[PDB]
file entry.txt (compact mmCIF, C-alpha atoms)
# COMPACT_ATOMS: atom_id res chain seq x y z
CA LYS A 52 -15.44 16.79 -0.46
CA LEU A 53 -12.33 14.95 0.71
CA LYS A 54 -13.23 15.08 4.36
CA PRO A 55 -12.86 11.37 4.94
CA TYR A 56 -11.71 10.02 1.68
CA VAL A 57 -14.41 8.69 -0.56
CA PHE A 58 -14.19 5.59 -2.69
CA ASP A 59 -17.35 4.59 -4.62
CA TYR A 60 -17.64 1.58 -6.75
CA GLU B 1 16.13 -14.38 9.61
CA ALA B 2 14.09 -15.55 6.63
CA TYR B 3 10.87 -13.51 6.69
CA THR B 4 7.66 -15.23 5.88
CA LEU B 5 5.13 -13.27 3.86
CA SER B 6 3.16 -12.79 7.07
CA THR B 7 6.03 -11.44 9.22
CA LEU B 8 7.17 -9.22 6.35
CA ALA B 9 3.64 -7.80 5.92
CA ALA B 10 3.66 -6.96 9.63
CA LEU B 11 6.37 -4.33 9.02
CA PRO B 12 5.47 -0.80 7.91
CA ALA B 13 5.32 -0.33 4.15
CA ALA B 14 8.40 1.93 4.24
CA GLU B 15 10.48 -0.85 5.82
CA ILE B 16 9.19 -3.55 3.48
CA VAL B 17 10.26 -1.38 0.55
CA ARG B 18 13.59 -0.55 2.20
CA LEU B 19 14.27 -4.28 2.55
CA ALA B 20 13.15 -4.96 -1.02
CA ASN B 21 15.59 -2.35 -2.30
CA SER B 22 18.55 -3.45 -0.17
CA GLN B 23 21.14 -5.46 -2.12
CA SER B 24 20.90 -7.89 0.80
CA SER B 25 17.42 -9.12 -0.16
CA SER B 26 18.64 -12.55 0.89
CA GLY B 27 15.53 -14.64 0.54
CA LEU B 28 12.82 -12.08 0.89
CA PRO B 29 9.40 -13.31 -0.27
CA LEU B 30 9.04 -10.48 -2.79
CA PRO B 31 9.19 -10.50 -6.59
CA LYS B 32 11.67 -8.36 -8.47
CA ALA B 33 9.98 -5.04 -9.23
CA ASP B 34 9.49 -3.75 -12.77
CA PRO B 35 11.52 -0.50 -13.03
CA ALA B 36 8.99 1.18 -15.34
CA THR B 37 6.27 0.42 -12.79
CA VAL B 38 8.44 1.79 -9.98
CA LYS B 39 9.09 4.99 -11.91
CA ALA B 40 5.41 5.45 -12.78
CA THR B 41 4.55 4.99 -9.11
CA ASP B 42 7.16 7.50 -7.93
CA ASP B 43 6.12 10.08 -10.57
CA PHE B 44 2.49 9.74 -9.44
CA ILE B 45 3.42 10.27 -5.79
CA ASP B 46 5.71 13.17 -6.80
CA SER B 47 2.69 14.83 -8.42
CA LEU B 48 0.82 14.76 -5.08
CA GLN B 49 3.45 16.70 -3.11
CA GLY B 50 2.15 20.05 -1.92
CA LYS B 51 -1.56 19.22 -2.18
CA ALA B 52 -3.87 19.09 0.80
CA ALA B 53 -3.52 15.87 2.81
CA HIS B 54 -7.11 14.87 2.04
CA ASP B 55 -6.47 15.27 -1.67
CA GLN B 56 -3.26 13.22 -1.62
CA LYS B 57 -5.00 10.43 0.27
CA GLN B 58 -8.06 10.62 -1.99
CA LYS B 59 -5.90 10.28 -5.10
CA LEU B 60 -3.82 7.35 -3.84
CA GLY B 61 -6.90 5.93 -2.11
CA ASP B 62 -8.81 5.76 -5.41
CA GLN B 63 -6.23 3.28 -6.73
CA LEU B 64 -5.62 1.47 -3.43
CA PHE B 65 -9.38 0.99 -2.90
CA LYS B 66 -9.70 -0.59 -6.36
CA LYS B 67 -6.73 -2.85 -5.61
CA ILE B 68 -8.21 -4.07 -2.32
CA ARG B 69 -11.53 -4.68 -4.08
CA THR B 70 -9.73 -7.02 -6.47
CA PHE B 71 -8.47 -8.97 -3.44
CA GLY B 72 -12.08 -9.84 -2.69
CA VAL B 73 -12.00 -8.23 0.76
CA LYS B 74 -15.12 -6.61 2.22
CA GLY B 75 -14.76 -3.29 3.97
CA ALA B 76 -12.28 -1.98 1.40
CA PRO B 77 -13.07 1.72 2.06
CA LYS B 78 -12.28 1.37 5.77
CA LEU B 79 -9.14 -0.67 5.07
CA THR B 80 -8.00 1.90 2.51
CA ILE B 81 -8.51 4.74 5.00
CA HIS B 82 -6.64 2.87 7.74
CA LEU B 83 -3.69 2.14 5.43
CA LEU B 84 -3.57 5.74 4.15
CA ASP B 85 -3.53 6.96 7.76
CA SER B 86 -0.92 4.50 9.10
CA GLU B 87 1.60 4.06 6.25
CA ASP B 88 4.05 6.17 4.29
CA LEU B 89 2.15 7.17 1.17
CA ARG B 90 4.98 6.50 -1.28
CA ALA B 91 5.89 3.09 0.14
CA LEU B 92 2.21 2.12 0.35
CA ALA B 93 1.80 2.97 -3.34
CA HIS B 94 4.77 0.76 -4.19
CA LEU B 95 3.18 -2.15 -2.31
CA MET B 96 0.04 -1.55 -4.35
CA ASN B 97 1.77 -1.48 -7.73
CA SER B 98 4.75 -3.83 -7.24
CA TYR B 99 4.20 -6.07 -4.21
CA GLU B 100 0.55 -7.02 -4.36
CA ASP B 101 1.04 -10.29 -2.47
CA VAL B 102 2.56 -8.66 0.59
CA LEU B 103 -0.15 -5.96 0.41
CA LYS B 104 -2.88 -8.60 0.51
CA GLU B 105 -1.16 -10.20 3.49
CA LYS B 106 -0.91 -6.82 5.24
CA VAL B 107 -4.62 -6.43 4.54
CA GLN B 108 -5.21 -9.86 6.12
CA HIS B 109 -3.47 -8.64 9.29
CA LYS B 110 -5.94 -5.76 9.29
CA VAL B 111 -8.94 -8.06 8.69
CA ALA B 112 -7.78 -10.25 11.60
CA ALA B 113 -7.98 -7.15 13.87
CA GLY B 114 -11.45 -6.19 12.61
CA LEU B 115 -10.23 -2.98 10.98
CA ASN B 116 -12.52 -3.59 8.00
CA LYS B 117 -15.67 -3.51 10.18

call {"tool": "encode", "arguments": {"input": "entry.txt", "output": "structure tokens"}}
result
Amino acid sequence: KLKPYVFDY
Amino acid sequence: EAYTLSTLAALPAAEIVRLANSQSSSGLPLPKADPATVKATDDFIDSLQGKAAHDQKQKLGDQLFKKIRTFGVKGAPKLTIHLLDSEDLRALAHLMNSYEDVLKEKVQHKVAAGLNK
């Protein structure tokens, strides 16, 4: 999950 | 001391915002903030208090990542992570929503150091 933070686009 | 955009962007977000909010904003290269925007930003950050650090940074990061993508800068996830890990979350959010030009310049400082690679 939020382990690093995850930004998809 | 007249800051340029570049020297201002070199300060931490919390200090940029402190200067913006000081009555003595004698010549700072910042626009006047919209109070409704400021309140919406503070309410959003208020809603993150008490959550796990990863979740706070994910939630602000979602918006900050989109903002950096609109700047046209490659490596936006790594820049977003670096900013979330080096800046006060509330002040960083205010740069994102009210001071986009100084945020882009801060991002340029990061690109110049390779932090987007």

call {"tool": "closest_atom_pairs", "arguments": {"input": "entry.txt", "of": "chain B", "to": "chain A", "cutoff": "12 Å", "atoms": "only C-alpha atoms", "output": "tab-separated table"}}
result
residue	atom	partner	partner_atom	distance
B:51	CA	A:53	CA	11.9
B:52	CA	A:53	CA	9.4
B:53	CA	A:53	CA	9.1
B:54	CA	A:53	CA	5.4
B:55	CA	A:53	CA	6.3
B:56	CA	A:53	CA	9.5
B:57	CA	A:56	CA	6.9
B:58	CA	A:56	CA	5.2
B:59	CA	A:56	CA	8.9
B:60	CA	A:56	CA	10.0
B:61	CA	A:58	CA	7.3
B:62	CA	A:58	CA	6.0
B:63	CA	A:58	CA	9.2
B:64	CA	A:58	CA	9.5
B:65	CA	A:58	CA	6.7
B:66	CA	A:60	CA	8.2
B:67	CA	A:58	CA	11.6
B:68	CA	A:58	CA	11.4
B:69	CA	A:60	CA	9.1
B:70	CA	A:60	CA	11.7
B:75	CA	A:58	CA	11.1
B:76	CA	A:58	CA	8.8
B:77	CA	A:58	CA	6.2
B:78	CA	A:56	CA	9.6
B:79	CA	A:58	CA	11.2
B:80	CA	A:58	CA	8.9
B:81	CA	A:56	CA	7.0
B:82	CA	A:56	CA	10.7
B:83	CA	A:56	CA	11.9
B:84	CA	A:56	CA	9.5
B:85	CA	A:56	CA	10.6

call {"tool": "closest_residue", "arguments": {"input": "entry.txt", "among": "B:6, B:31, B:18, B:107", "to": "residue 72 of chain B", "atoms": "only C-alpha atoms"}}
result
B:107

call {"tool": "axis_aligned_box", "arguments": {"input": "entry.txt", "around": "chain A", "padding_each_side": "4 Å", "output": "JSON"}}
result
{"center_x": -14.7, "center_y": 9.2, "center_z": -0.9, "size_x": 13.9, "size_y": 23.2, "size_z": 19.7}

call {"tool": "atom_distance", "arguments": {"input": "entry.txt", "atom1": "atom CA of residue 15 of chain B", "atom2": "atom CA of residue 91 of chain B"}}
result
8.3 Å

call {"tool": "atom_distance", "arguments": {"input": "entry.txt", "atom1": "atom CA of residue 2 of chain B", "atom2": "atom CA of residue 111 of chain B"}}
result
24.3 Å

call {"tool": "atom_distance", "arguments": {"input": "entry.txt", "atom1": "atom CA of residue 16 of chain B", "atom2": "atom CA of residue 117 of chain B"}}
result
25.7 Å

call {"tool": "closest_residue", "arguments": {"input": "entry.txt", "among": "B:93, B:30, B:14, B:73", "to": "residue 46 of chain B", "atoms": "all atoms listed in the file"}}
result
B:93

call {"tool": "build_atoms", "arguments": {"input": "entry.txt", "residues": "segment 22-37 of chain B", "atoms": "N, CA, C and O atoms", "output": "PDB file, keeping the file's coordinate frame"}}
result
ATOM      1  N   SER B  22      17.211  -3.166  -0.668  1.00  0.00           N
ATOM      2  CA  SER B  22      18.550  -3.450  -0.170  1.00  0.00           C
ATOM      3  C   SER B  22      19.127  -4.645  -0.917  1.00  0.00           C
ATOM      4  O   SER B  22      18.454  -5.685  -1.064  1.00  0.00           O
ATOM      5  N   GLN B  23      20.376  -4.461  -1.397  1.00  0.00           N
ATOM      6  CA  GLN B  23      21.140  -5.460  -2.120  1.00  0.00           C
ATOM      7  C   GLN B  23      21.107  -6.798  -1.418  1.00  0.00           C
ATOM      8  O   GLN B  23      21.064  -7.841  -2.084  1.00  0.00           O
ATOM      9  N   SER B  24      20.910  -6.757  -0.105  1.00  0.00           N
ATOM     10  CA  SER B  24      20.900  -7.890   0.800  1.00  0.00           C
ATOM     11  C   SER B  24      19.515  -8.501   0.943  1.00  0.00           C
ATOM     12  O   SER B  24      19.115  -8.959   2.023  1.00  0.00           O
ATOM     13  N   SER B  25      18.778  -8.589  -0.165  1.00  0.00           N
ATOM     14  CA  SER B  25      17.420  -9.120  -0.160  1.00  0.00           C
ATOM     15  C   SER B  25      17.586 -10.635  -0.158  1.00  0.00           C
ATOM     16  O   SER B  25      17.084 -11.337  -1.042  1.00  0.00           O
ATOM     17  N   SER B  26      18.291 -11.140   0.854  1.00  0.00           N
ATOM     18  CA  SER B  26      18.640 -12.550   0.890  1.00  0.00           C
ATOM     19  C   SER B  26      17.415 -13.342   1.267  1.00  0.00           C
ATOM     20  O   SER B  26      17.154 -13.572   2.452  1.00  0.00           O
ATOM     21  N   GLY B  27      16.657 -13.773   0.271  1.00  0.00           N
ATOM     22  CA  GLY B  27      15.530 -14.640   0.540  1.00  0.00           C
ATOM     23  C   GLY B  27      14.241 -13.927   0.859  1.00  0.00           C
ATOM     24  O   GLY B  27      13.363 -14.539   1.476  1.00  0.00           O
ATOM     25  N   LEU B  28      14.069 -12.672   0.443  1.00  0.00           N
ATOM     26  CA  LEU B  28      12.820 -12.080   0.890  1.00  0.00           C
ATOM     27  C   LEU B  28      11.684 -12.546  -0.018  1.00  0.00           C
ATOM     28  O   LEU B  28      11.862 -12.643  -1.235  1.00  0.00           O
ATOM     29  N   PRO B  29      10.523 -12.852   0.547  1.00  0.00           N
ATOM     30  CA  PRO B  29       9.400 -13.310  -0.270  1.00  0.00           C
ATOM     31  C   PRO B  29       8.740 -12.190  -1.058  1.00  0.00           C
ATOM     32  O   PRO B  29       7.552 -11.901  -0.885  1.00  0.00           O
ATOM     33  N   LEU B  30       9.514 -11.543  -1.919  1.00  0.00           N
ATOM     34  CA  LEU B  30       9.040 -10.480  -2.790  1.00  0.00           C
ATOM     35  C   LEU B  30       9.517 -10.755  -4.206  1.00  0.00           C
ATOM     36  O   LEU B  30      10.636 -11.239  -4.403  1.00  0.00           O
ATOM     37  N   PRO B  31       8.704 -10.455  -5.208  1.00  0.00           N
ATOM     38  CA  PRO B  31       9.190 -10.500  -6.590  1.00  0.00           C
ATOM     39  C   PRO B  31      10.093  -9.322  -6.891  1.00  0.00           C
ATOM     40  O   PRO B  31      10.090  -8.301  -6.197  1.00  0.00           O
ATOM     41  N   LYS B  32      10.868  -9.472  -7.963  1.00  0.00           N
ATOM     42  CA  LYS B  32      11.670  -8.360  -8.470  1.00  0.00           C
ATOM     43  C   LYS B  32      10.759  -7.348  -9.151  1.00  0.00           C
ATOM     44  O   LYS B  32      10.000  -7.692 -10.061  1.00  0.00           O
ATOM     45  N   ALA B  33      10.855  -6.092  -8.722  1.00  0.00           N
ATOM     46  CA  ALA B  33       9.980  -5.040  -9.230  1.00  0.00           C
ATOM     47  C   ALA B  33      10.331  -4.672 -10.665  1.00  0.00           C
ATOM     48  O   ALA B  33      11.489  -4.731 -11.081  1.00  0.00           O
ATOM     49  N   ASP B  34       9.305  -4.301 -11.424  1.00  0.00           N
ATOM     50  CA  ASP B  34       9.490  -3.750 -12.770  1.00  0.00           C
ATOM     51  C   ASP B  34       9.896  -2.284 -12.679  1.00  0.00           C
ATOM     52  O   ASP B  34       9.126  -1.471 -12.154  1.00  0.00           O
ATOM     53  N   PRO B  35      11.076  -1.900 -13.185  1.00  0.00           N
ATOM     54  CA  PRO B  35      11.520  -0.500 -13.030  1.00  0.00           C
ATOM     55  C   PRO B  35      10.573   0.524 -13.644  1.00  0.00           C
ATOM     56  O   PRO B  35      10.445   1.623 -13.098  1.00  0.00           O
ATOM     57  N   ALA B  36       9.927   0.215 -14.769  1.00  0.00           N
ATOM     58  CA  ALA B  36       8.990   1.180 -15.340  1.00  0.00           C
ATOM     59  C   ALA B  36       7.794   1.377 -14.415  1.00  0.00           C
ATOM     60  O   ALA B  36       7.304   2.499 -14.259  1.00  0.00           O
ATOM     61  N   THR B  37       7.338   0.301 -13.772  1.00  0.00           N
ATOM     62  CA  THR B  37       6.270   0.420 -12.790  1.00  0.00           C
ATOM     63  C   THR B  37       6.721   1.260 -11.603  1.00  0.00           C
ATOM     64  O   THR B  37       5.992   2.149 -11.145  1.00  0.00           O
TER      65      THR B  37
END
